[PDB]
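Asks: The structure under discussion is supplied below as structure tokens; questions concerning it will follow.
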Protein chains: 4
Amino acid sequence: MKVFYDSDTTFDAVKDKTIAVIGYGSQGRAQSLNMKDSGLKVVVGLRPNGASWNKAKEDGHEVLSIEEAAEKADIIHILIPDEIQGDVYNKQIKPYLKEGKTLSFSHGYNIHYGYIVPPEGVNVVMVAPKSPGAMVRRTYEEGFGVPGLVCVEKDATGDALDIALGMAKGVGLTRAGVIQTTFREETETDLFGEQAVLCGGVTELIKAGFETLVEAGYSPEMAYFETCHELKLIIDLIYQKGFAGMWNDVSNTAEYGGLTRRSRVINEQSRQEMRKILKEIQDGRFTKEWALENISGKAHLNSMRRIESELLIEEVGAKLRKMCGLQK
Amino acid sequence: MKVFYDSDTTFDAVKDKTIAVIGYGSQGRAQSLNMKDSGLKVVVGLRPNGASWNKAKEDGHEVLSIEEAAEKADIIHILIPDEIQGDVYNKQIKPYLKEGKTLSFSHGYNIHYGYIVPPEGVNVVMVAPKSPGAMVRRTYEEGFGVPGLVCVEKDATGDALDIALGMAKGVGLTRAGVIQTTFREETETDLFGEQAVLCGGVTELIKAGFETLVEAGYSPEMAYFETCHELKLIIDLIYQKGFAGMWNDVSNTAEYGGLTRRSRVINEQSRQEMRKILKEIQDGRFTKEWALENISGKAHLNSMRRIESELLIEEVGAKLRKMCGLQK
Amino acid sequence: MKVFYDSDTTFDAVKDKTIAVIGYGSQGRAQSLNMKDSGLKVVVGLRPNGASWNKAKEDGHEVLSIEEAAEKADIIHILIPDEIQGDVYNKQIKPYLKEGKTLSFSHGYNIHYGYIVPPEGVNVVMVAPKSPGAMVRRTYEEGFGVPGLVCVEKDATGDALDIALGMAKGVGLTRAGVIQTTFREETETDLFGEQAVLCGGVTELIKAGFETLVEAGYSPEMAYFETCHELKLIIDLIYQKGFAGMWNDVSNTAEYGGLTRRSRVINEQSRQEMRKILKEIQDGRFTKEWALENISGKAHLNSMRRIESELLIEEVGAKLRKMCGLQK
Amino acid sequence: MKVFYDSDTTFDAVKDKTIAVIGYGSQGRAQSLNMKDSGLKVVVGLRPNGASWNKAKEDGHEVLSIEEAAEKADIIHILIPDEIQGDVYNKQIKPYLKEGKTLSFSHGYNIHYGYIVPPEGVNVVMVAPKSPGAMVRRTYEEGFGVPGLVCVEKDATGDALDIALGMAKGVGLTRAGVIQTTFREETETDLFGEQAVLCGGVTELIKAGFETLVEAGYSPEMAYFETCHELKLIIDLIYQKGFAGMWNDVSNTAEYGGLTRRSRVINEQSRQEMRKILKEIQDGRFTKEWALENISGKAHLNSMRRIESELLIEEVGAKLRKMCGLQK
Ligand SMILES: NC(=O)c1ccc[n+]([C@@H]2O[C@H](COP(=O)([O-])OP(=O)(O)OC[C@H]3O[C@@H](n4cnc5c(N)ncnc54)[C@H](OP(=O)(O)O)[C@@H]3O)[C@@H](O)[C@H]2O)c1
Ligand SMILES: NC(=O)c1ccc[n+]([C@@H]2O[C@H](COP(=O)([O-])OP(=O)(O)OC[C@H]3O[C@@H](n4cnc5c(N)ncnc54)[C@H](OP(=O)(O)O)[C@@H]3O)[C@@H](O)[C@H]2O)c1
Ligand SMILES: NC(=O)c1ccc[n+]([C@@H]2O[C@H](COP(=O)([O-])OP(=O)(O)OC[C@H]3O[C@@H](n4cnc5c(N)ncnc54)[C@H](OP(=O)(O)O)[C@@H]3O)[C@@H](O)[C@H]2O)c1
Ligand SMILES: NC(=O)c1ccc[n+]([C@@H]2O[C@H](COP(=O)([O-])OP(=O)(O)OC[C@H]3O[C@@H](n4cnc5c(N)ncnc54)[C@H](OP(=O)(O)O)[C@@H]3O)[C@@H](O)[C@H]2O)c1
Ligand SMILES: [Mg+2]
Ligand SMILES: [Mg+2]
Ligand SMILES: [Mg+2]
Ligand SMILES: [Mg+2]
Ligand SMILES: [Mg+2]
Ligand SMILES: [Mg+2]
Ligand SMILES: [Mg+2]
Ligand SMILES: [Mg+2]
């Protein structure tokens, strides 16, 4: 296990190579803007009737058609949603793949689960930032970066690891640290994390706490500040110092209450479920569920989106974030 | 209930008829090679850019395009995977179906569940061997055959039962015995058998026994011989003599231990599940699940294939079968 | 862990030695006939008022009285049922044991559990085939052999390991592979295997599946072919290629159904019982039960034998195996 | 199903034949005394150092040694305890068995479970009274008889059914009715009956009722009369008229209370246990337990005998039966 950083990487194997960034969404716009910041030879490939095309053009980028970018570039960096990467690849990318070319991703989903089968003679690597695309850029602008994983699925030029290292440094991931792993290990840990802790866990944790107080009769305005707003100020301490830096800044009264009560909230029942969530990922049951959600038309997902927006927490949340000027 | 054999069947209604065997896979190559052995007028219809096409050509068969074989033949025997039979039929078979033609299968899945709707005026029968395709041929080469079922879903020439009987004898199924049944009864018993006993049951049974000993600290090499390898030598006894022939050859110590302990392994809980497995088949819930696995891209199935290959039993299993020369 | 084979064994330490095979039952007749095939100096010791005595005499063997064979031979190979070995040894074998002689078995039951206490100055080894006696011979006739374990409990001539190796090669076990272990490990794994998987497991598995379909209203004749007869053709694939060779020959429909349903048949409850079955063996509770079954007159065992023979599966099983000529 | 009676049986096949009654216990003395009453040619075979020998001699019988009686008689009727019949048969009966002789029992235990294996050429029948031996005689003296079963396990003279019929009529069983059945069906129903209802059931039923009242504080003397003594006067009604004759003589208050409360005493739990008790008999588990009780020395049985005699019900029971003169 070796953690690559700035002093251990170079831009040698990308010095002289054109990189097509297919996409300009969360990560797409983020990574593309950063790569260009480092003085990297980048071309963005977008839809000509799509919205992001006008957005990448205003940002000062060489917007081109996906096919045109695909035919010109040496490296093809695919930054569109996973659920539609299989179609876009087979129709607007696969044809312009010549032996010696490199196909790179930021998530091993489509490769690992077999939705994209690359042709022989082509490099398959991954450069994956472990943060939301908006953070990836903002963290780069401040002079820092976000953690990144490097992976090689197919090495044909014998040059693949260096190529991915070069791109990782450009995106800024080398500032926080870069570790080499496999597509399988990146995809499985990423899905579990987002499901059990990063997106699923915290939201339900905050929701359960907010509604415990509201249904007890306390003000919804107070409940927001105490279960949701104050959370942002706490996690910063962990990010910079871990649990010890947080326990020291917080009062001893808060330290004793949290240490004794937390085993009761995250119980053994929740620990049992986290093990099952991981097994559904490992054996492809979640992927099957997610692929069928898309083929079915996202009725379940869209309905869940609508119910989330009708939560009182989001109403009182939005009203407080606007008056103080935290949300426009 | 009448069990047809060699002395009760004839090749009369197939004497003068061309038979298209669509496919050359497990059963495809098996049944086609046997039918020709009996001096039957067979044509194989394969893909021209596919692999099996070169394989059927080397075997000394009249390889032709599916459409060409379909237009020339009187009988169309479909031996490709069920999940893709619906598309191949509607595009490369249905057009060359003329009134008086016969459409035959070896499994009632696509017919019974409605994925293939034949046109009026056409015979619909089934000739189904109750064994893996590799065994179907090897059993024929030894001078024996495997059990077969005969079924008629649509009789238009009044000749359908004789046609299926003729083909069944050619494949060699008449040596072991042929019983007439319905598509529904063939499909439901076949799926249950393979799921609850033939493929699902034994594998999990062997796995649970292997890992009981390994985790107890005994050698994985010894555990293979005692839970898996010795199983092949035991089932032969049942195949030839049933439970009594096996109980007599095995020691009294093995007879008393198995008779008293087996109710504990296959318990009432497992008996309850076998009843539910059968009801999921009977009401089309398994078929719906299997059709969606394919539309979804087989991510779950392929992931299960990968986890199976990483089992220690398969590693130590493969190493012992190679050194002794049982697997090349 | 070293796996002995043909190229790693020799007949040196048995070249010049007489071997008494006490017994002519399943293993007795099997091993004795094979040892003689290899040009080994074998004498069979049987009862003069017993049936097998006439059977070994017809086979072209030097039938002699157990005592006579015991007094003449250097090696005494005991191939009679375990439950009666203790009496036969103390009365017709122990007296003719001279220092320097070797006492060999094919199962560690009587030695490990203390029912036979050998005298000092005598070699105690084991040559154990991991297959039913009928298979041991048939496998030898085909040019192959069955797996064997080698064990040394007492080495007095410093020659014991070579002696057992010599006999193992003669029986044909060296063709499949020979591994050295202890009496304890041979006896405990053998009993567990036969109880939980080889004899107990499969029979109850097949029974539960057969009766699920029959009580659902499907034909008993069809149920036999689909839960029992087709099993023999499936295990062959595992024997030669493991789970992967079987999954590939079977259809994808059978592969998906078995992979998803098997966890439900062999459940956690069955896994818990397999752990208890192993602990009853390890602490001598099964042996105590089996010894008391014999002292009590085998009323329970014989009653279980009678109920097994009245199963409908065995009736319909026997009728189908006779008409096709698989059972005379 | 034909119920033999007095008008359907004859003493033809026993007219001219000597019958050895081995034993003079409960049934032994009972059946022997009755057979002689009918003018039957009976010899009793007892131990010469045993007690019953002096008792049969005083009763006016031809007491002889078991061997002497065995060598003289044509029919050998074995009326000793089942647990010791196997030894007495092989040592004092088997030698005097000549082809054409008949071996008869009153219980199928030793035959059915294989503790006595008769020689070929000898008749094996059963004449079984369904009542305690004391009742068998007393019922005969009153001019009535007790129900009997007739069974044939081996017919060698073609005369076996007539022989058993002849003896059944002599014992008096033909007055109540004689039904032909198998050894298996006689033994299994007899053991279940005595275990679940006739001896086990009623005693525990009476015990539970007696101690319910005593521990509630009511007089033990009153509790005896109301739960135990009055039972004898109730069953007579059922014996002569069934449930309807009893319900009519008893008060409507007793009829309504018993009809509504009885489902609560004999519940579903007891019904589940009766099914298991029958399965332990059917598969020989009870027989194995009972054979081991004897080999072990009857310590458990004798201890249960001692605890029964220390019950307060038996103390207060005995005191009331003596003062009134019902027990000497
Ligand atoms: N999102 C994260 O924070 C995050 C974190 C780590 C890794 N990743 C991975 O990074 C990759 C990029 O995901 P993302 O969330 O950033 O994507 P995204 O925002 O969901 O995708 C938006 C972009 O995709 C384009 N697009 C959508 N459908 C298209 C189609 N049919 N043809 C062509 N272009 C199409 C859009 O163009 P138009 O304007 O024309 O519609 C737009 O440029 C994924 O593999 C994801 O797993 C994401
Ligand atoms: N497998 C058994 O042991 C078994 C037992 C009883 C009954 N059955 C039944 O027998 C039938 C045959 O199954 P199977 O397992 O033997 O088939 P299979 O081996 O899975 O199918 C392989 C064959 O299908 C061809 N094929 C695949 N996709 C095709 C496509 N899109 N167009 C044209 N040809 C295509 C392949 O040709 P290429 O070389 O060109 O790819 C190859 O010849 C099924 O209905 C099954 O349920 C099977
Ligand atoms: N059976 C297997 O497949 C298997 C697999 C591995 C290991 N083993 C082990 O191999 C050993 C041999 O078992 P086995 O099953 O092959 O034996 P078996 O068939 O049950 O024994 C039959 C033989 O024992 C003789 N015999 C029975 N009672 C006798 C007595 N009182 N005195 C003398 N000879 C007597 C019989 O002679 P008569 O003809 O005179 O009656 C006959 O020759 C055991 O230790 C067993 O655990 C067996
Ligand atoms: N008991 C019933 O009500 C009843 C109901 C139906 C059927 N049966 C069946 O009828 C049969 C007779 O049973 P039972 O209860 O009447 O017998 P039992 O009273 O228990 O046996 C007593 C008799 O057995 C003799 N005896 C005991 N041990 C002996 C030995 N070692 N050698 C020779 N004689 C010996 C005694 O002779 P000594 O005086 O010398 O000791 C005495 O004559 C059994 O098969 C039973 O199952 C009984
Ligand atoms: Mg992530
Ligand atoms: Mg993600
Ligand atoms: Mg099948
Ligand atoms: Mg199938
Ligand atoms: Mg074994
Ligand atoms: Mg064994
Ligand atoms: Mg009785
Ligand atoms: Mg009784």
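All Cβ positions, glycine included, derive from the backbone under ideal geometry; neighbour counts span all protein chains shown. Here, each number is a calculation from the coordinates, and none is a lab measurement.
Asks: What's the local net charge at B:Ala244, with K and R +1, D and E -1, over the other residues with C-beta under 12 Å away?
Replies: -2
Asks: Which distances, in nm and shortest first, link the D:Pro220 label point to the same label point in every other copy, taking 7 Å along Cα→Cβ?
Replies: In nanometres, ordered from closest: 5.8, 7.0, 7.6.
Asks: What is the fewest-to-most order of A:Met135, A:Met1 by other Cβ atoms lying within 10 Å of their Cβ?
Replies: A:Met1, A:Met135
Asks: With each run of n ≥ 4 DSSP H residues scored as -39500 (n - 2.57), what mean residue ellipticity at 222 nm is computed for chain D after dividing by its residue count and rounding to the nearest 500 deg cm²/dmol?
Replies: Result for chain D: -16000 deg cm²/dmol, rounded to the nearest 500.
Asks: Which distances, in nm and shortest first, link the B:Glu268 label point to the same label point in every other copy, taking 7 Å along Cα→Cβ?
Replies: In ascending order, 1.1, 2.0, 2.6 nm.
Asks: For the range D:43-49, in order, what is each residue's ³J(HN,Hα) by Karplus, 6.51 cos²θ - 1.76 cosθ + 1.60 with θ = phi - 60°, in whole Hz (x at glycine and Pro)?
Replies: My calculation for the range D:43-49 gives 10, 9, x, 10, 6, x, 10 Hz in order.
Asks: Compute the normalised compactness of the range C:6-77: alpha-carbon radius of gyration over 2.2 N^0.38 Å, N being the residue count.
Replies: 1.09
Asks: Given labels modelled 7 Å from the Cα in the Cβ direction, how far is it in nm from A:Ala208 to B:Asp16?
Replies: For the pair A:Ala208/B:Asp16, the computed spacing is 7.9 nm.
Asks: Additional query: What ranking do C:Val117, A:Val178 get, fewest neighbouring Cβ atoms within 10 angstrom at the top?
Replies: Arranged by neighbour count, lowest to highest, C:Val117, A:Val178 become C:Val117, A:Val178.
Asks: Taking GluC sites (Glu not before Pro) as exposed when DSSP calls them loop (any state but H, G, I, E, B) and at most 11 other Cβ atoms lie within 10 Å, what is the longest stretch of chain C free of them, the sites themselves excluded?
Replies: C:143-309
Asks: Please find the FRET efficiency linking D:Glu185 to D:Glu314, where r is the Cβ-Cβ separation and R0 is fixed at 45 Å, and quote it to the nearest 0.05.
Replies: With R0 = 45 Å, the Cβ-Cβ based efficiency is 0.80.
Asks: Tell me the distances, shortest first, between A:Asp236 and the same position across the other copies, using label points 7 Å along Cα→Cβ, in nm to one decimal.
Replies: Inter-copy label distances (nm, one decimal, shortest first): 7.3, 7.6, 10.1.
Asks: What is the Cα coordinate range of the protein assembly as shown on the first, second and third principal axes, sorted by size from largest, in whole angstrom?
Replies: Principal-axis extents of the protein assembly as shown (Cα, largest first): 131, 84, 81 Å.
Asks: Oh, and also: Relative to the Cα centre, what is the charge dipole magnitude of chain A, using +1 at the beta carbon of each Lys and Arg, -1 at the beta carbon of each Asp and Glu, and rounding to the nearest 20 debye?
Replies: The dipole of chain A has a size of about 280 debye.
Asks: Kindly list the residues of the range C:157-183 that lie in the label zone of C:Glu120, defined by a backbone N under 20 Å from the point 7 Å along the Cα-to-C-beta vector.
Replies: From the range C:157-183, the list is C:157-160.
Asks: Of the listed pairs A:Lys55/A:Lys241; B:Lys91/B:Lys328; A:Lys207/A:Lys322; A:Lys154/A:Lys279; C:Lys41/C:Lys91; D:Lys207/D:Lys288, which have alpha-carbon separations greater than 30 Å here?
Replies: In this structure, A:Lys55/A:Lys241; B:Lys91/B:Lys328 exceed 30 Å between Cα atoms.
Asks: Follow-up. Under 10 Å from the Cβ of D:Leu165, count the other residues' Cβ atoms, weight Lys and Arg +1, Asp and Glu -1, and hand me the total.
Replies: Residues close to D:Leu165 contribute a combined charge of -2.
Asks: Another one. With just the Cα atoms of the range A:1-181, tell me how far they stretch along each of the three principal axes, in Å, largest first.
Replies: The Cα atoms of the range A:1-181 stretch 40, 37, 30 Å along their principal axes.
Asks: Work out the length of the dipole vector of the range A:1-181 about its Cα centre, built from +1 on the beta-carbon of each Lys and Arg and -1 on the beta-carbon of each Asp and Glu, and round it to the nearest 20 debye.
Replies: 300
Asks: Taking the Cβ of each residue in D:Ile281, C:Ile84, C:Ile78 as the centre, tally the other Cβ atoms inside 10 Å and list the residues starting with the fewest.
Replies: C:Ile84, D:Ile281, C:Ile78
Asks: In nm, to one decimal, how far is the modelled label at D:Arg261 from the one at C:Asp59, with both set 7 Å along Cα→Cβ?
Replies: Calculated label separation equals 7.2 nm.
Asks: For the residue pair C:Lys98 and A:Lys72, what label-to-label distance in nm results when each label sits 7 Å from Cα along the Cα-to-beta-carbon direction?
Replies: Computed distance between label sites C:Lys98 and A:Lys72 equals 10.0 nm.
Asks: Treat every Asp and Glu Cβ in the range C:182-328 as -1 and every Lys and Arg Cβ as +1, leave all other atoms uncharged, and give the resulting dipole magnitude about the Cα centre to the nearest 20 debye.
Replies: The calculation lands at about 80 debye.
Asks: Next up: Report, in whole Å, the centroid distance computed from the Cα atoms of the range A:165-232 and the range C:7-38.
Replies: 71
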